[PDB]
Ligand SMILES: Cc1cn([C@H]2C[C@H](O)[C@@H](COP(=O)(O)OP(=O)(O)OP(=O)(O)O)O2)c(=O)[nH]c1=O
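Shown here is one chain on its own, the form deposited without the ligand, set out as structure tokens.
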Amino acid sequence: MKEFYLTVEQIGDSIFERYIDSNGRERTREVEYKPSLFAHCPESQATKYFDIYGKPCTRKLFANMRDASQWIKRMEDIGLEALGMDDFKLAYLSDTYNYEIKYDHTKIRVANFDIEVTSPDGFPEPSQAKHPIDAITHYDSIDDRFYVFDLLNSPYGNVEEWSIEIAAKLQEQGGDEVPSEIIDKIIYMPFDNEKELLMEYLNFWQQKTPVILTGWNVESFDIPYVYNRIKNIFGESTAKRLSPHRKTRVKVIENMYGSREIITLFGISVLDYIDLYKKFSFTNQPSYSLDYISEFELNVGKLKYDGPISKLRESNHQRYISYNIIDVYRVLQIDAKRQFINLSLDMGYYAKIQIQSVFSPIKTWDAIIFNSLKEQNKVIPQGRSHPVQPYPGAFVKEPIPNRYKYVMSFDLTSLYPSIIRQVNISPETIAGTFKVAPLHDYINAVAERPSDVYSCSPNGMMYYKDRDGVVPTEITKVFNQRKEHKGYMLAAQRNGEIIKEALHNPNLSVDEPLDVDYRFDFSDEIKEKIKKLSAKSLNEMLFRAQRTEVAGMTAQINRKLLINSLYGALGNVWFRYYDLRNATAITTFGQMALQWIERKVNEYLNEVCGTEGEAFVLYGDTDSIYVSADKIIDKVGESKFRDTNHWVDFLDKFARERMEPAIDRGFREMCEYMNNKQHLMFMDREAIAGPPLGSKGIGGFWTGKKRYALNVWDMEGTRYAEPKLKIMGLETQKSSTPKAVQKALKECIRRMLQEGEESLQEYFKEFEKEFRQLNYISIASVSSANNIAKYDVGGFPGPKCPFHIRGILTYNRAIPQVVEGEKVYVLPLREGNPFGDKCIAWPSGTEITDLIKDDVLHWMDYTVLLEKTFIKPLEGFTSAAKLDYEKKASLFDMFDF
């Protein structure tokens, strides 16, 4: 079989590679790679190698990688360009795997692990590793087993062994409810001292060395801590055994507050799952803790345990070990439905890069373009340094703060990559420049046509229309590949149905599943044989068809991500193909496109509605516009509609049959104005929002850029039974917003948009009345404790001290401990309180210690709390929407109705 690599590393003059050989067995080899680079040569020198500009090149084959590195330096000193792939790992992978890689993930050892550490304060510093590791949960994908290393004796407490029988029992039976499916997959190993624990873990590691090392927050805590702990206890040499090549690299990261440590283990690809999640998930959750993402993805309640998390081992060691196991399973569950690990492998093998490079758009695209050009004997340009110069970003319209009853949004398809293809922007397609007028002149089409022969962008750049272009050609390839895999996905879908229709009274005769390609529709002859297969064979065929569907899904999602990350690479000064002029040409064209279409839509709606100078477009952000449909609805007459679904259908039709054609018309004109290579500005209806028919709801409101709320009924063709609240930038989900207030503010917004001012006013009165009976933890706000010592002057706040830091200081005077950088709950205190200040703070996720809890709660300033956390932000919403959360005085007040 075709072999595939696992990991690759460069150590001196050799490439250390772990891979799956022809016999499907994992192996390691050291290769004295002889790299090739290129230098320009005279036309006289005949060759097949040319750079992207068409200039001839000659190949230089080196004896070793060190010589190639020196040569580059020598060329640079002189001033000559040194072309070719300077990252020898990519060159090696490109030469060694000169074919489309077909990998088998079941042979790739993926470890998902977790390291637990008890400490008096509860947030031990990884770079120090001053405390013992008292629990290690290591799930191995090949063995499909959870290895649990449990420390029984510790200076922080001696405990008894974990009970695998108690773990399964339900909550009421005093159990932990460890899923029945994984109970038999647990290998529990108790230890009396940390040294034996760690040494056995280290041996275990040498036998089942991870290829892919993952888990939640593994890069910032687990890895650094175990590496440093082993280093402190057994010495650096022992710690280096965590790397199959005994080579390690410790990088220190600087930040506003402190320094972090990141350990690179040669021979291992670390993919912290929290980062993998943040990169591939198409959302932006207000929190990325395992509990939050678990509830969101798996819809399961966060683990429950009384008391602080740093006290869980001492207070309930049984639940401590059971939960560590469950948390790892949780990550595994999240990967089961999101498939991010596999997505990483798919993307990695596609680009032919180290798997961990998926976190780097420039690295990924560099390899893709490199391998693609190599097939045409084209040589890549040497990377050149560029200063970080800020250039125009996306266009975001300043909205008029107000309520907007009916809104309809439209958006462009893959904007930036489409612009690249439309204008044909690439380093080698630059054809010149033209005298540029102000941007508003192109938007209004008052400026003279830039060029009659070249494709233009509003920033003053011109490109050839006749030439393909490396960047645009590569985008197109990926786009065509996405459709191809989409086709396989659908084919494996129709084939799956043919197999299911057969599972209805299948023949009993014994047979085997057919050897067919599920990516293509079944031929006639295949469908006839399928009519005679037994259930056993059909079920096996269904399993394979689905396996094919998923692979198709992963492949097309991979391509989508590649396309969406390209612009980021092109705007990165470290990208080989970066060009400030091209980055600017893309963004300014984007800005022109949105404002040009905003003018077109306004002109069209004023005409159609017989109005004048009316502003229909109320907001726009990057690739979408929001249109007020109030006038459109009035034109028809609201009493003319039967129900909500009626006006929604009307706007859907109006958008599709009227506005869209006008928009397409507007964009084709812009394309001719800029004389672009091809029209790709495709904008169509996205959402339709408004209040339910016959209600007094306001539908939606904007407070400013990126701050608004909409009551959505339809999203690109899919009609919702229950409207969905689209809320953005109103901080109703922000971690600093108290729990009860997050729910209250949302309810306030739902009522405003769906029921009206009156309903809002009754809920406001209701929440305010109930506020003082809610649990104190649910109404406290949350802040991060940064720079505590800075304002710590003899125990009291120095000048310019933050409100929450002041709280932390009064807490310290009063007395869990507050750890630098960590989060804390904050509560204001009434004047005359015994704590000596206007507020107090304590560790988040915990109750206030008993010695002061009741005093604190008795001095809590509920009024100030309510005003600051609830009323202030609500007032922001209502002022923008022109409403009162409190009924204004009326002449009818003095009456008793």
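Numbering starts at 1 and follows the sequence shown.
- Counting the unmodelled positions of the deposited sequence between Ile253 and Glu254 gives zero.
- The stretch 521 to 529 shows the higher mean C-alpha B-factor when 521 to 529 is compared against 436 to 444 in the entry.
- Annotation for 64 to 72 versus 40 to 48: the higher mean temperature factor (C-alpha) is found in 40 to 48.
- If you compare the C-alpha temperature factors of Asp579, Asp366, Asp346, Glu261 in the entry, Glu261 comes out highest.
- Comparing the C-alpha B-factors of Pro417, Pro361, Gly704, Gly122 in the entry, the top value falls on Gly122.
- Per-chain ranking of the deposited C-alpha B factor places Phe4 in the middle third.
- Sort the chain's modelled residues by C-alpha temperature factor and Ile848 lands in the middle third, per the entry.
- Among the modelled residues of its chain, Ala889 has a C-alpha B-factor that falls in the highest third, as given in the PDB entry.
- Among all modelled residues in its chain, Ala655 ranks in the middle third by Cα B-factor.
- In the deposited entry, the Cα temperature factor of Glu867 places it in the lowest third of its chain's modelled residues.
Although it is not shown, the form deposited with the ligand bound is what the next lines describe.
- Residues of just one listed stretch (557 to 565, 627 to 635, 742 to 750, 504 to 512) have heavy atoms within 4.5 Å of the ligand in the deposited complex: 557 to 565.
- Not displayed here, the ligand is kept clear of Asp335 by more than 4.5 Å at the level of heavy atoms in the deposited complex.
- Of the heavy atoms in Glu757, none are within 4.5 Å of the ligand in the deposited complex.
- In the deposited complex, the ligand lies farther than 4.5 Å from every heavy atom of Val148.
- Among heavy atoms of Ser426, none comes within 4.5 Å of the ligand in the deposited complex.
- Of the residues given (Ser344, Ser414, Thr732, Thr137), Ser414 alone sits with a heavy atom within 4.5 Å of the ligand in the deposited complex.
- Listed residues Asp366, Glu194, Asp176, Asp623 were compared with the ligand in the deposited complex; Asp623 is the one with a heavy atom within 4.5 Å.
- Of all the residues from 474 to 489, those having a non-hydrogen atom no more than 4.5 Å from the ligand in the deposited complex are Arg482, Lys486.
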